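First up is the structure itself, then whatever we jot down about it.
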Amino acid sequence: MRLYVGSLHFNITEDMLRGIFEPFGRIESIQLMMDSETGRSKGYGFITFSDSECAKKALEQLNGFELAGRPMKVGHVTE
Amino acid sequence: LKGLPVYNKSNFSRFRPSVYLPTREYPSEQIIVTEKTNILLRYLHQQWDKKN
Amino acid sequence: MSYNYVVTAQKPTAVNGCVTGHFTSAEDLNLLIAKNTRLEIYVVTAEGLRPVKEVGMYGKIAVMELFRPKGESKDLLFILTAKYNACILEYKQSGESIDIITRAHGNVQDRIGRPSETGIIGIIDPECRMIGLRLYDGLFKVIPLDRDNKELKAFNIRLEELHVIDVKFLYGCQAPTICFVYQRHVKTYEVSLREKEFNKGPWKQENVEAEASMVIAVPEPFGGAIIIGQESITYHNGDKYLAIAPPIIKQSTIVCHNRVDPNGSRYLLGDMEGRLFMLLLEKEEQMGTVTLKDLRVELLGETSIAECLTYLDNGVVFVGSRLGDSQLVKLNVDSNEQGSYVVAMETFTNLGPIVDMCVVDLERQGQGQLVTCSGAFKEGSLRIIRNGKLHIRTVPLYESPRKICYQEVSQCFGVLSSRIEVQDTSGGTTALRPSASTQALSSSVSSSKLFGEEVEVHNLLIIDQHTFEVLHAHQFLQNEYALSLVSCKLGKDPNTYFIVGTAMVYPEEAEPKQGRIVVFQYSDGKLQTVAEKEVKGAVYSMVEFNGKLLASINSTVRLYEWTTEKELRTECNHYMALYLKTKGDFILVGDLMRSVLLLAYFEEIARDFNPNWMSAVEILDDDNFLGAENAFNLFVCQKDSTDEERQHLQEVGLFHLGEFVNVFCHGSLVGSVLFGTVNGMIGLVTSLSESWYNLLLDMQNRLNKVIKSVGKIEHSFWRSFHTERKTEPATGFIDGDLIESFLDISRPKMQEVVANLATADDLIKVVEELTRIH
Amino acid sequence: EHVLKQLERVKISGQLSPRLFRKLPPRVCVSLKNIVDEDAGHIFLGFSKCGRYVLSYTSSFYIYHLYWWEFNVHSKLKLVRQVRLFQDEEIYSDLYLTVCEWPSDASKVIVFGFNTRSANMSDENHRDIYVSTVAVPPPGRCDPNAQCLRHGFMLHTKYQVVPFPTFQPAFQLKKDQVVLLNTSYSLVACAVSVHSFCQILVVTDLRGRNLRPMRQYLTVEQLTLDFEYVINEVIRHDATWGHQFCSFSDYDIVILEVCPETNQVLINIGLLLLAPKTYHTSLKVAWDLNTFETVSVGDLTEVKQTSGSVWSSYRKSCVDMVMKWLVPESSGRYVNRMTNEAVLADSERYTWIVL
Ligand SMILES: NS(=O)(=O)c1ccc(S(=O)(=O)Nc2cccc3c(Cl)c[nH]c23)cc1
């Protein structure tokens with residue numbers, strides 16, 4: 001299931017999001033949108049699960065919780 | 001304004017280096033030695049000796 | 001298999017820093033200077049500065065501060081190298097046995113921090129308890145100053161800001177509080193050595209404006225700090241806030257300071273334009289206690305552009321410049337005819353930035369007579385140094401020289417003067433000071449058509465080789481920018497031409513997009529443009545290639561035939577070529593990140609794949625090619641004569657020089673290679689044999705176990721090739737000053753070192769010809 | 001800023017450094033429609049830390065050949081080395097491939113392969129991760145009778161993990177010549193040695209290009225930390241609540257910090273014990289690779305109410321701790337990772353490969 005998350009603090013990798021979004025269920029893809037010229041994170045991200053129930057459980061599980069310097073939000077309607 | 005200091009009123013009144021070649025050796029008193037332990041691990045050890 | 005020998009024809013002259021204190025004894029006002037590796041101790045006396053010693057450290061001296069612990073009669077010294085070797089040194093004078101006894105020494109690299117952007121900051125606690133070092137970002141190296149038996153167990157404290165501008169230990173607080181500016185906001189902290197951590201220091205954090213750069217810890221009794229930079233001179237201590245914003249400090253960034261009165265009543269401020277300010281603190285009693293009324297700064301005049309300032313007794317200050325000439329300057333209590341309370345006393349000479357040099361023969365006889373360019377903004381000068389000893393005649397230009405070349409037909413010098421002008425709505429823009437371009441006999445602007453900043457006016461000056469006055473100044477157009485210059489004959493022409501590589505840089509874009517190659521002649525009193533060619537891009541470097549001009553645009557090395565109709569014509573386009581060296585047919589192009597590249601006549605030959613930023617390159621012979629990089633090194637890479645193994649170079653000689661070499665020039669002052677660095681040092685590279693190289697190598701390994709060093713820095717550590725990526729010992733180079741220091745040791749020390757070869761006087765023979773090329 | 005004024009500042013200043021010369025735009029750029037060959041299945045991973053080699057891989061059962069390429073701007077991107085990854089390994093999946101370098105010891109690279117889900121009925125409850133170290137082609141050379149030419153070899157091993165552990169390619173490869181692998185039942189540090197020990201003072205597949213040598217010679221040494229034994233020993237001694245405890249179900253291990261000089265690696269351990277009721281902790285354990293284990297934190301006890309969100313909240317805590325306790329590592333001593341998710345920017349050499 002498709003999901004956009006942009007709240008990251010210019011030091012979150014694809015791997016950190018994979019590790020914190022993983023253990024609900026099977027995940028298929030993580031595409032952390034980085035800015036090209038800086039070599040660093042733009043602060044967005046498109047992550048897609050396999051199923052469609054674990055992303056919806058993640059919507060109420062990880063929305064607006066503070067990640068390490070700032071409140072990270074999750075959220076998907078259609079995106 | 002101008003009440004400037006004077007360490008010696010004779011200095012700069014009547015107004016080429018040598019090279020130091022060392023041969024003889026008088027031994028070294030002290031050594032700078034950096035502590036090896038990592039900051040987070042040392043902090044967690046000193047916190048585990050603060051509550052425990 | 002390539003052997004070279006490097007020796008110092010001129011020790012570095014630019015002042016890297018200065019400190020003051022009772023070092024040689026308790027009662028004598030020592031002035032200590034560090035010039036890039038040389039620590040020169042002076043005693044202030046009645047005739048003036050009587051120089052005592054010159055102790056040579058094995059490193060680039062970056063932290064040098066005088067601190068006196070309790071129970072010590074006179075000051076100890078703390079020196080940190082720029083390769084993170086630290087030492088604490090005690091003077092000892094018994095009649096003649098001057099013994100700079102090292103007490104503390106050790107390496108303070110931690111190998112996982114990254115180099116902080118602003119630089120190493122070494123600060124000493126004002127009650128001598130410990131030493132603070134910002135070496136790396138996000139970390140604070142603390143050395144406790146305990147005297148127990150052997151160790152000084154330094155540790156780290158994780159500073160949580162990761163971008164800190166300037167940090168100072170503060171005065172009078174019962175526990176040692178640091179006070180810093182981070183990227184801007186001022187924070188304090190109170191260090192706890194018993195638990196090795198920061199505590200929330202008193203006087204909580206505040207905001208300052210973004211260009212603030214300096215923190216000054218005011219002594220007792222005032223307490224607190226001053227934050228300076230870009231019209232923000234604000235005193236802070238707890239409750240007490242104080243600001244001031246005069247229009248005088250706006251024009252340029254204050255770069256150094258020194259404490260005049262020992263209770264902090266007045267301070268000295270030097271800035272980038274070479275001015276001099278007296279910062280004044282005013283007292284009040286309100287009783288018992290003492291408080292600060294109101295800050296005021298007061299100008300004094302103009303001096304040379306100071307890297308370190310230092311107040312010495314009776315109203316003289318040691319303006320210790322890095323760009324131009326150092327000074328001893330008297331502070332007059334009386335004014336002058338223009339408002340200058342400074343009067344010059346002694347102009348200590350310094351080469352400083354050797355941006356380029358061409359070794360020419362002025363009189364006759366083939367003796368090399370170097371004509372280097374020097375200075376930065378208002379103290380650019382041609383320095384003509386000849387062998388004697390080395391007499392150095394200075395012609396001040398008062399503006400920046402970029403490159404020089406020699407046209408011996410009219411006995412003239414072409415040089416690139418770039419003066420800074422400040423814009424206005426009054427006219428176009430009128431310059432600051434009377435300089436060489438403004439004092440020309442006959443000038444000409446280029447007439448070919450084709451608010452928070454400063455404009456650059458770029459000129460070619462043509463300068464007589466005998467009297468060294470100027471003859472004609474050719475001013476290039478608005479937002480033009482001359483980069484490279486070459487003097488040569490082209491085609492089948494009978495006359496020599498000047499060729500300048502100008503670009504058009506614009507404030508709205510980073511990359512330039514147009515430039516032109518312009519070719520002049522000199523018709524004995526008139527500089528006449530004979531050619532111009534508009535190229536899409538900046539003309540980076542130009543070299544004469546067998547009657548043809550090998551230009552280099554942004555990445556496109558082009559070649560130009562000089563046609564019969566007085567015009568330039570392109571041939572091909574091979575795709576940052578910024579150094580072009582030519583030995584006959586070869587071309588050694590040094591890209592900024594492409595290490596080195598060769599070309600023939602453009603059939604590429606070989607390349608090098610190594611992370612370097614080439615300051616300059618040199619064609620030693622057709623096999624070996626020699627480069628200096630920005631990590632202060634030198635390396636030589638041969639050409640192995642297997643087609644992949646044919647299109648490859650092998651770095652065979654590595655040598656941590658300790659300098660930033662801006663130019664290589666072939667020749668000799670008395671073939672060989674001069675390198676002219678940015679600390680004013682002029683050096684010599686000579687080729688060698690195999691057996692002489694092994695002779696000097698084994699002699700050096702026997703010499704390193706006898707000539708003890710100061711601070712116990714290993715010579716195999718100071719010269720070993722160290723960039724940010726890797727470290728390795730030095731091969732293929734011979735430190736010529738270590739071997740030249742053999743002849744100045746005692747005869748029992750001369751006979752003690754060898755013990756395993758013939759005799760000893762023969763070594764006295766061979767070193768006594770290695771000095772005959774300086 | 002400009003670039004010409006930056007060059008003048010460099011000339012008169014002598015502080016040229018790519019830290020301040022970082023926000024400057026990269027120069028050379030290609031769409032990879034002019035230097036690419038097969039005019040294949042070459043998906044281009046990214047540059048090395050040096051800047052001369054470019055890597056790519058071909059999937060094509062699947063095969064996954066790996067290719068070092070020598071670069072040239074005016075002339076061709078010449079293919080140097082082609083190597084078969086994970087021989088005698090039955091592969092079935094798409095295999096997200098991730099390649100990494102050591103910080104300083106750049107004579108060999110390491111590559112991991114992770115699928116989406118295992119197929120041992122395809123078991124959803126497993127994951128196949130493969131590992132192989134392969135030597136980099138030595139550029140400066142000098143019939144295996146010459147010494148410094150035989151810098152080419154290979155070592156691969158496949159494992160399955162059980163809820164899944166976290167890839168961490170900055171701390172697993174922070175100690176030089178050693179790799180750290182979280183097998184979800186253990187943590188294994190593997191060290192390779194060419195010709196004095198980087199160890200205490202799983203079974204691998206070593207190969208040269210195809211052959212199988214005997215264990216200039218090369219020896220391996222692996223140290224292995226078992227989780228159950230260390231959890232029982234840390235509970236039996238350091239547990240202020242550990243008396244109502246009986247058993248434990250599941251645990252996730254995150255690596256927080258690896259100190260190479262002290263040879264210590266810090267592992268947070270998120271346990272699920274029972275004390276009874278379902279109870280979780282967040283332990284901290286320091287591991288000393290030079291000989292042995294030392295405790296750092298035996299934390300609290302807490303009732304769980306979402307399934308699986310205990311682990312994500314726990315790893316949120318671990319990245320909160322590491323992102324609080326970071327020291328910004330240098331250029332040079334950092335770990336580069338190349339992975340294409342199915343543009344190559346060498347920001348040092350300022351090269352752009354747009355796709
Ligand atoms: N440069 S840094 O910000 O200090 C930094 C950057 C990358 C890494 S990592 O390679 O270990 N990735 C990583 C970090 C933290 C949590 C997780 C999870 Cl969960 C999976 N992977 C994680 C560590 C530190």
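So you can find residues: chains in the structure tokens are A, B, ... in the order shown, residues in each start at 1, and ligands are numbered from 1 in order.
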With only C-alpha atoms as the counted atoms, please give the residues lying no more than 8 Å from residue 14 (chain B), apart from itself and same-chain residues fewer than 5 positions off, as an NGL selection string. :C and (46-48)
Can you write out the residues you just picked, keeping N, CA and C atoms, as a compact mmCIF listing (two decimals), in the first residue's frame?
```
# COMPACT_ATOMS: atom_id res chain seq x y z
N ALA C 46 65.91 47.74 25.18
CA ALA C 46 65.90 49.19 25.03
C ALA C 46 66.13 49.62 23.59
N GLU C 47 67.10 49.01 22.91
CA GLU C 47 67.25 49.22 21.48
C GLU C 47 66.11 48.58 20.71
N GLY C 48 65.45 47.59 21.28
CA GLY C 48 64.33 46.97 20.63
C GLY C 48 64.30 45.48 20.86
```
Selection as JSON, numbers by chain: residues within 8 Å of ligand 1 by only C-alpha atoms and all ligand atoms: {"A": [11, 12, 13, 14, 15, 16, 17, 18, 19, 20], "D": [166, 167, 168, 169, 170, 171, 172, 254, 255, 256, 315, 316, 318, 319, 322, 323, 325, 326, 327, 328, 329]}
When you look at residue 34 (chain A) with a cut-off of 10 Å (counting only C-alpha atoms), what residues show up, excluding the ones that are within fewer than 3 positions of it in the same chain? I need them as an MDAnalysis selection string. chainID A and resid 10 13:14 31 37:45
Export of prior selection with N, CA, C and O atoms as an mmCIF file, in the first residue's frame:
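This went into result-v6.cif:
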```cif
data_model
loop_
_atom_site.group_PDB
_atom_site.id
_atom_site.type_symbol
_atom_site.label_atom_id
_atom_site.label_comp_id
_atom_site.auth_asym_id
_atom_site.auth_seq_id
_atom_site.Cartn_x
_atom_site.Cartn_y
_atom_site.Cartn_z
ATOM 1 N N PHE A 10 16.794 15.565 7.674
ATOM 2 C CA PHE A 10 17.984 15.578 6.818
ATOM 3 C C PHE A 10 19.049 14.579 7.264
ATOM 4 O O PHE A 10 20.218 14.707 6.893
ATOM 5 N N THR A 13 17.701 7.841 6.715
ATOM 6 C CA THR A 13 17.990 7.094 5.505
ATOM 7 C C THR A 13 16.763 6.317 5.054
ATOM 8 O O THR A 13 15.725 6.304 5.714
ATOM 9 N N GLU A 14 16.898 5.655 3.902
ATOM 10 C CA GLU A 14 15.931 4.640 3.499
ATOM 11 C C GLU A 14 15.898 3.499 4.497
ATOM 12 O O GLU A 14 14.839 2.905 4.738
ATOM 13 N N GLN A 31 11.424 4.611 -1.006
ATOM 14 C CA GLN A 31 12.077 5.555 -1.906
ATOM 15 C C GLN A 31 12.148 6.878 -1.162
ATOM 16 O O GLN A 31 11.218 7.687 -1.224
ATOM 17 N N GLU A 37 21.422 17.677 -5.846
ATOM 18 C CA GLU A 37 22.657 18.447 -5.874
ATOM 19 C C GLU A 37 23.377 18.462 -4.532
ATOM 20 O O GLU A 37 24.598 18.645 -4.503
ATOM 21 N N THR A 38 22.660 18.272 -3.428
ATOM 22 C CA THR A 38 23.295 18.250 -2.120
ATOM 23 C C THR A 38 23.761 16.864 -1.713
ATOM 24 O O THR A 38 24.560 16.745 -0.778
ATOM 25 N N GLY A 39 23.279 15.817 -2.385
ATOM 26 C CA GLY A 39 23.513 14.453 -1.957
ATOM 27 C C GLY A 39 22.823 14.076 -0.668
ATOM 28 O O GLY A 39 23.185 13.060 -0.063
ATOM 29 N N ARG A 40 21.839 14.853 -0.236
ATOM 30 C CA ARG A 40 21.262 14.755 1.088
ATOM 31 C C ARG A 40 19.745 14.718 0.929
ATOM 32 O O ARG A 40 19.213 14.970 -0.157
ATOM 33 N N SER A 41 19.050 14.372 2.010
ATOM 34 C CA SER A 41 17.614 14.142 1.960
ATOM 35 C C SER A 41 16.851 15.439 1.706
ATOM 36 O O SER A 41 17.130 16.474 2.313
ATOM 37 N N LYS A 42 15.894 15.381 0.781
ATOM 38 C CA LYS A 42 14.987 16.506 0.596
ATOM 39 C C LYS A 42 14.014 16.638 1.755
ATOM 40 O O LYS A 42 13.543 17.745 2.034
ATOM 41 N N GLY A 43 13.715 15.545 2.441
ATOM 42 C CA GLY A 43 12.758 15.566 3.517
ATOM 43 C C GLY A 43 11.406 14.993 3.177
ATOM 44 O O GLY A 43 10.440 15.286 3.879
ATOM 45 N N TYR A 44 11.306 14.202 2.122
ATOM 46 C CA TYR A 44 10.083 13.531 1.724
ATOM 47 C C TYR A 44 10.300 12.027 1.797
ATOM 48 O O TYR A 44 11.289 11.548 2.349
ATOM 49 N N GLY A 45 9.351 11.277 1.257
ATOM 50 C CA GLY A 45 9.567 9.855 1.109
ATOM 51 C C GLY A 45 8.337 9.104 0.662
ATOM 52 O O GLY A 45 7.241 9.347 1.174
#
```
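Residues from chain B that have an atom within 6 Å of chain C, counting only C-alpha atoms, are residues 2, 6, 7, 10, 11, 12, 13, 14, 15, 17, 18, 19, 20, 22, 23, 28, 29, 30, 31, 32, 33, 34 and 35 of chain B.
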Quick one: write out the picked residues with N, CA and C atoms as a compact mmCIF listing (two decimals), in the first residue's frame?
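This went into result_18.txt:
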```txt
# COMPACT_ATOMS: atom_id res chain seq x y z
N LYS B 2 44.50 57.48 26.32
CA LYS B 2 45.89 57.03 26.17
C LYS B 2 46.60 57.14 27.52
N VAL B 6 53.02 50.28 30.99
CA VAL B 6 54.47 50.30 30.96
C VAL B 6 54.95 49.17 31.86
N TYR B 7 55.59 48.16 31.27
CA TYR B 7 56.24 47.15 32.09
C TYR B 7 57.63 47.60 32.49
N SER B 10 62.36 51.75 30.45
CA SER B 10 63.59 51.65 29.69
C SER B 10 63.45 50.80 28.44
N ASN B 11 62.39 50.01 28.32
CA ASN B 11 62.17 49.22 27.12
C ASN B 11 61.78 50.13 25.97
N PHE B 12 62.35 49.86 24.79
CA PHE B 12 62.16 50.63 23.56
C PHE B 12 62.54 52.09 23.75
N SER B 13 63.63 52.30 24.47
CA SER B 13 64.12 53.65 24.70
C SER B 13 65.28 54.02 23.81
N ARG B 14 66.23 53.12 23.58
CA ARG B 14 67.34 53.38 22.67
C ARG B 14 67.08 52.76 21.31
N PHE B 15 65.82 52.65 20.92
CA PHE B 15 65.43 52.23 19.59
C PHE B 15 65.90 53.26 18.59
N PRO B 17 68.40 35.87 14.08
CA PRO B 17 68.13 34.96 15.20
C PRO B 17 69.02 33.73 15.16
N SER B 18 69.19 33.11 16.32
CA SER B 18 70.00 31.90 16.41
C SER B 18 69.13 30.67 16.23
N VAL B 19 69.70 29.61 15.67
CA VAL B 19 68.93 28.40 15.44
C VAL B 19 69.20 27.40 16.55
N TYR B 20 68.15 26.77 17.05
CA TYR B 20 68.26 25.83 18.15
C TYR B 20 68.49 24.43 17.60
N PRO B 22 69.28 20.81 18.74
CA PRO B 22 69.31 20.05 19.99
C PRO B 22 70.17 18.80 19.84
N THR B 23 71.11 18.63 20.76
CA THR B 23 71.89 17.40 20.82
C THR B 23 71.69 16.61 22.10
N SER B 28 61.78 13.13 29.14
CA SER B 28 60.43 13.67 29.12
C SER B 28 59.69 13.33 30.41
N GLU B 29 59.13 14.37 31.03
CA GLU B 29 58.45 14.22 32.31
C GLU B 29 57.08 13.58 32.16
N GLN B 30 56.29 14.02 31.17
CA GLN B 30 54.89 13.64 31.10
C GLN B 30 54.47 13.38 29.66
N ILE B 31 53.44 12.56 29.51
CA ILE B 31 52.92 12.12 28.22
C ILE B 31 51.44 12.47 28.15
N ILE B 32 51.02 13.13 27.08
CA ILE B 32 49.60 13.30 26.83
C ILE B 32 49.05 12.00 26.27
N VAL B 33 48.14 11.36 26.99
CA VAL B 33 47.54 10.10 26.57
C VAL B 33 46.03 10.28 26.53
N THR B 34 45.44 10.08 25.36
CA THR B 34 44.01 10.24 25.19
C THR B 34 43.28 9.04 25.77
N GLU B 35 42.18 9.30 26.47
CA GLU B 35 41.33 8.24 26.98
C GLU B 35 40.69 7.51 25.80
```
8 Å contact set for residue 32 (chain D), only C-alpha atoms, chain neighbours under 5 positions out, as a PyMOL selection string: chain D and resi 353-355
